[PDB]
Structures are given as C-alpha cells and as structure tokens.
Chemist: 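Have a look at the structure that comes next, please.
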Amino acid sequence: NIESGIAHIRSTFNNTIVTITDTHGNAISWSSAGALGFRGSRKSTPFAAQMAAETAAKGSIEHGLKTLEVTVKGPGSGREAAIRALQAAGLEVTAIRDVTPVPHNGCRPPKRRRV
RNA sequence: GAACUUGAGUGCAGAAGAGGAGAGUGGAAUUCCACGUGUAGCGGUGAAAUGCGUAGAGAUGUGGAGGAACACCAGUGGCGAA
C-alpha cells in the first residue's frame with residue numbers, strides 16, 4: 001500500500017496514455033485512452049479520457065495512494081480532461097518527458113494515407 | 001619580329017563553406033529478446049474486421065542485441081559542373 005506514484009502523459013492525434021504506477025514503475029491500476037467498454041470514435045473523446053482516468057484513480061486509492069506525479073510530453077486530444085478527472089483526488093505534474101527521434105526520420109515513418 | 005597589362009594564370013595575405021574520399025565515435029527513437037509489476041483488452045477505421053492478447057497482450061520499469069537515419073541548430077542559408 002504505497003503513498004506516492006506516477007502517471008505518464010504521451011499524446012498523439014488520437015492516442016494518449018496515463019497509467020497509474022508506483023515510484024519505480026511497478027503497476028497498480030491503469031489508464032490509457034478508453035478501457036471502459038467505450039468503442040469506436042467515442043473511445044477517443046475527451047469525455048472517455050476522464051472516465052478512464054477516474055477508474056484508474058479509484059483503483060489506486062484502494063492501494064493507499066494519496067499523490068500522483070505526472071509527466072508532460074507534447075499536446076494532444078484528451079490530455080487536459082484526463083488531468084481534471086485525476087484532480088478528484090489531487091496531485092502534481094512536475095516532470096517533462098518526450099517521444100521524439102533526434103533524427104528527423106530516425107526510423108522511416110509509414111506512408112501518408114491517400115484519403 | 002618587338003612591346004604592353006586591362007584578359008587569363010602564378011606568388012603573397014586573409015575568409016567562409018552539409019565540396020569529396022577513408023577510418024572511428026555519439027545521442028534519440030523504433031523493433032526484437034529477457035526479466036519485474038500489473039490484467040483485459042490492445043490495435044485499427046468513415047464505420048468495421050482481419051491481426052496481436054489470459055500459453056498474460058497493451059501499458060509501465062530495467063537491461064541486452066541489432067540496423068538505419070541524424071531532433072533542436074536549419075535560414076528563397078551555404079557548398080558543388082551537374
């Protein structure tokens with residue numbers, strides 16, 4: 001029953017993560033995009049981000065979690081709503097991380113969709 | 001045939017440059033493998049499904065292997081005959 005923990009913001013066009021883990025990155029409860037029986041486009045809404053974040057928060061409160069250190073890693077779709085949901089309990093976002101390649105074209109990305 | 005120095009070279013003194021060839025080296029990210037935590041989805045689309053997941057995926061942490069390309073700098077900026 002651990003006091004402190006982490007969550008991990010990493011946002012794209014329509015993908016975001018924020019799982020509830022311990023200080024050393026051992027998991028406890030998890031939040032990332034959906035998880036909650038939502039499907040399709042509803043899954044990527046800001047609303048559905050809240051309900052995923054609440055459900056992982058209320059999972060971790062039962063493990064005696066009081067505070068959540070969260071990261072920063074660019075803007076995206078439903079990142080702000082996911083934080084608002086977590087501020088039911090209350091917490092901080094101190095760290096700032098990144099998912100970027102130090103080469104433009106480190107690995108070659110997949111081809112542009114013709115739509 | 002004789003001159004000349006404006007062309008064209010040489011000498012001398014500076015300058016900038018992703019010009020080229022060779023050898024070595026670095027960090028970020030992806031992938032795979034191993035392991036810890038954890039558990040039911042993940043992923044994807046206009047909407048789906050095939051896929052991948054309880055033989056424990058996805059997420060998260062740590063380490064290992066390997067290849068390729070070089071964020072920011074970076075600019076009708078530079079260099080090059082192209």
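Throughout, a chain's letter reflects where its sequence line sits, starting with A, and its residues are numbered from 1. The figures here come from the full heavy-atom set of this structure, side chains too, leaving out hydrogens, waters and symmetry mates.
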Chemist: I want to check something: taking the side chain as every heavy atom from C-beta on, are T71(A) and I96(A) in contact at a cut-off of under 4.5 Å?
Modeler: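 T71(A) vs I96(A): side chains apart.
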
Chemist: Whole-Å distance between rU60(B) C1' and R10(A) CZ?
Modeler: 9 Å

Chemist: Is there a continuous path of hydrophobic side-chain contacts, each under 4.5 Å between heavy atoms, that joins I83(A) to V72(A)?
Modeler: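 Linked within one cluster.
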
Chemist: I want to check something: taking the side chain as every heavy atom from C-beta on, are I6(A) and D22(A) in contact at a cut-off of under 4.5 Å?
Modeler: no

Chemist: Please determine whether side-chain contact (heavy atoms from CB on, under 4.5 Å) holds for the pair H8(A) and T21(A), giving the CA-CA distance in whole Å, both sets of side-chain angles, and the decisive distance to 0.1 Å.
Modeler: CA-CA 9 Å; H8(A) 318 254; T21(A) 203; 3.2 Å; yes

Chemist: Using the P atom as the point on both nucleotides, what is the distance between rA49(B) and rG41(B), in whole Å?
Modeler: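 Taking atom P in both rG41(B) and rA49(B), they lie 15 Å apart.
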
Chemist: Rounded to the nearest angstrom, tell me the gap between atom CZ in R97(A) and atom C1' in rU60(B).
Modeler: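 Atom-to-atom, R97(A) to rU60(B), this comes out as 12 Å.
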
Chemist: Can you list everything that forms a side-chain contact (heavy atoms from CB on, under 4.5 Å) with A48(A)? Sequence neighbours excluded, please.
Modeler: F38(A), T45(A)

Chemist: Using the sign of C1'-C2'-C3'-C4', would you call the sugar of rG56(B) north or south?
Modeler: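 Negative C1'-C2'-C3'-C4' torsion, south pucker.
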
Chemist: Determine the interatomic distance between P on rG56(B) and the same-named atom on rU37(B); round to the nearest Å.
Modeler: 13 Å

Chemist: Using a 4.5 Å cut-off on heavy atoms from C-beta on, say whether the side chain of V99(A) contacts that of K73(A).
Modeler: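 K73(A) vs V99(A): side chains touch.
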
Chemist: What is the separation between atom NE2 on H104(A) and atom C1' on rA18(B), rounded to the nearest whole Å?
Modeler: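 Spelled out: NE2 on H104(A) to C1' on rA18(B) is 12 Å.
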
Chemist: Reading nucleotides 37-46 of chain B from the 5' end, what letters show protein touch, with B for base, S for backbone sugar-phosphate only, - for no heavy atom under 4.0 Å?
Modeler: BSSSSSBBBS

Chemist: Given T55(A) and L36(A), is the side-chain contact (heavy atoms from CB on, under 4.5 Å) satisfied, shown in steps?
Modeler: CA-CA 8 Å; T55(A) 299; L36(A) 251 77; 3.6 Å; yes

Chemist: Under a 3.5 Å distance rule, please check whether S29(A) uses its side chain to pair with a backbone N or O of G59(A) as donor and acceptor.
Modeler: no

Chemist: Between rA68(B) and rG26(B), how far apart are the two P atoms, rounded to whole Å?
Modeler: 16 Å

Chemist: Determine the sugar pucker of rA55(B): a positive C1'-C2'-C3'-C4' angle counts as north, a negative one as south.
Modeler: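 Because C1'-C2'-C3'-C4' is negative here, the pucker of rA55(B) counts as south.
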
Chemist: If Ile, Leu, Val, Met, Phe, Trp and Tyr residues are connected whenever their side-chain heavy atoms lie under 4.5 Å apart, and connections chain through other members, are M51(A) and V18(A) in the same group?
Modeler: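 Different hydrophobic clusters.
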
Chemist: Rounding to the closest angstrom, what is the interatomic distance between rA82(B) and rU45(B) at atom P?
Modeler: 44 Å

Chemist: With rounding to the closest Å, how many angstrom separate the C1' atoms on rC73(B) and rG66(B)?
Modeler: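 Comparing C1' positions in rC73(B) and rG66(B) gives a spacing of 29 Å.
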
Chemist: Pick the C1' atom in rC33(B) and in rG80(B), then give their distance to the nearest Å.
Modeler: 46 Å

Chemist: Anything below 3.5 Å on both distances counts as a pair; with that, list the stems of at least three consecutive Watson-Crick or G-U pairs involving RNA chain B.
Modeler: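 Stems for RNA chain B, defined as runs of 3 or more consecutive pairs: B:31-37 with B:59-65.
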
Chemist: Is the base of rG19(B) syn or anti, if syn means a glycosidic angle within 90° of 0?
Modeler: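 Glycosidic conformation of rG19(B): anti.
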
Chemist: Quick check on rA8(B): from the sign of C1'-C2'-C3'-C4', north or south pucker?
Modeler: north

Chemist: Between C107(A) and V102(A), which has a closest nucleotide on RNA chain B that is more 5'?
Modeler: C107(A)

Chemist: How many whole angstroms separate atom CD of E69(A) from atom P of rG61(B)?
Modeler: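 So the two atoms are 11 Å apart, to the nearest Å.
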
Chemist: Does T67(A) use its side chain to pair, donor to acceptor, with the backbone of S4(A) at less than 3.5 Å?
Modeler: no

Chemist: Where does the sugar of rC70(B) land, north (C3'-endo side) or south (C2'-endo side), based on the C1'-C2'-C3'-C4' torsion?
Modeler: south

Chemist: Write down the distance separating the P atoms in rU10(B) and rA71(B), rounded off to the nearest Å.
Modeler: 38 Å

Chemist: How long is the line joining NE2 of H8(A) and P of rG58(B), in whole Å?
Modeler: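 In whole Å, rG58(B) P lies 15 Å from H8(A) NE2.
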
Chemist: What is the distance from NE2 of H24(A) to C1' of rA59(B), rounded to the nearest Å?
Modeler: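 Taking atom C1' of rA59(B) as the reference, NE2 of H24(A) is at 19 Å.
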
Chemist: Indicate yes if the six-membered rings of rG14(B) and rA15(B) are centred less than 5.5 Å apart and inclined by less than 30°, otherwise no.
Modeler: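 Stacked, because both conditions hold for the base rings of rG14(B) and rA15(B).
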
Chemist: Mark yes when both conditions hold for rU37(B) and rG38(B) (six-membered ring centres under 5.5 angstrom, interplanar angle under 30 degrees), and no otherwise.
Modeler: yes

Chemist: With heavy-atom distances below 4.5 Å as the criterion, would you say the side chains of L65(A) and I20(A) are in contact?
Modeler: yes

Chemist: Kindly check if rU76(B) and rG75(B), neighbours in the strand, have base rings whose centres sit closer than 5.5 angstrom and whose planes are less than 30 degrees apart?
Modeler: no

Chemist: Rounding to an integer number of angstrom, what distance separates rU76(B) and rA59(B) when you compare their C1' atoms?
Modeler: 46 Å

Chemist: How many Å lie between CZ on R108(A) and P on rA71(B), as a whole number?
Modeler: 16 Å

Chemist: Kindly check the sign of the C1'-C2'-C3'-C4' torsion at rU5(B) and name the resulting pucker, north or south.
Modeler: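 A south-puckered sugar, given its negative torsion.
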
